[PDB]
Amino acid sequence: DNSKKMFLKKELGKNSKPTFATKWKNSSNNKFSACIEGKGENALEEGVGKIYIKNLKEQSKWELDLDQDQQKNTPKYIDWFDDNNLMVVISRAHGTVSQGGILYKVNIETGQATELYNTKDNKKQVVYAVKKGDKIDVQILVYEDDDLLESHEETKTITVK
């Protein structure tokens, strides 16, 4: 596979619960639920956020942490890809320009991640995505130049397997 162990699965106590997270987005089959803890209600606060997952049936709780030596990157936007994987946007943890980045397919159990949309341009950031069947609508924020004073948005529909 063209995947890398980007995330570390860390089990959590039954008493534990997020205190500064985005709203819980349920899985399509309503078996699981996920959110980003550590960056506020809309993940706009600075810092390295953690993806919090909940097995609604078994009442289990765990977190997916970005395996990194320095606290530079963070999950910025998450949504469901299927019943076992998430769509995760990984952006810089600090700064005012870092609204988006690269879109990945992340396994909620193994933390194994594969790219879905990488623009290979730091002036072109994936900010979020919406999936409907085999198609994903990817929003990209394009900055015109290195001054980062002028931007525009794009919608790109990608086909998946």
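In case it trips you up, residue 1 is the first one in the sequence shown, and so on.
Novice: Do the CA atoms of 151-159 or those of 1-9 have the higher mean B-factor in the entry?
Specialist: The stretch with the larger average C-alpha B-factor is 1-9.
Novice: Averaging the C-alpha B factors as listed in the entry, name the stretch that ends up higher: 110-118 or 42-50.
Specialist: In the deposited entry, the stretch with the higher C-alpha B-factor mean is 42-50.
Novice: Quick one: which of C35, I102, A129, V97 has the biggest Cα B-factor according to the entry?
Specialist: That would be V97.
Novice: Which third of the chain does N85 land in by C-alpha B-factor: lowest, middle or highest?
Specialist: Middle third, going by the recorded CA B-factors of the chain.
Novice: C-alpha B factor of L56, ranked within the chain: lowest, middle or highest third?
Specialist: As the PDB entry reports it, the C-alpha B-factor of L56 lands in the highest third of its chain.
Novice: Lowest, middle or highest third: where is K31 by C-alpha B factor in its chain?
Specialist: It falls in the top third of the chain.
Novice: Against its chain's modelled residues, does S91's Cα B factor rank lowest, middle or highest third?
Specialist: It belongs to the lowest third of the chain when residues are ordered by C-alpha B-factor.
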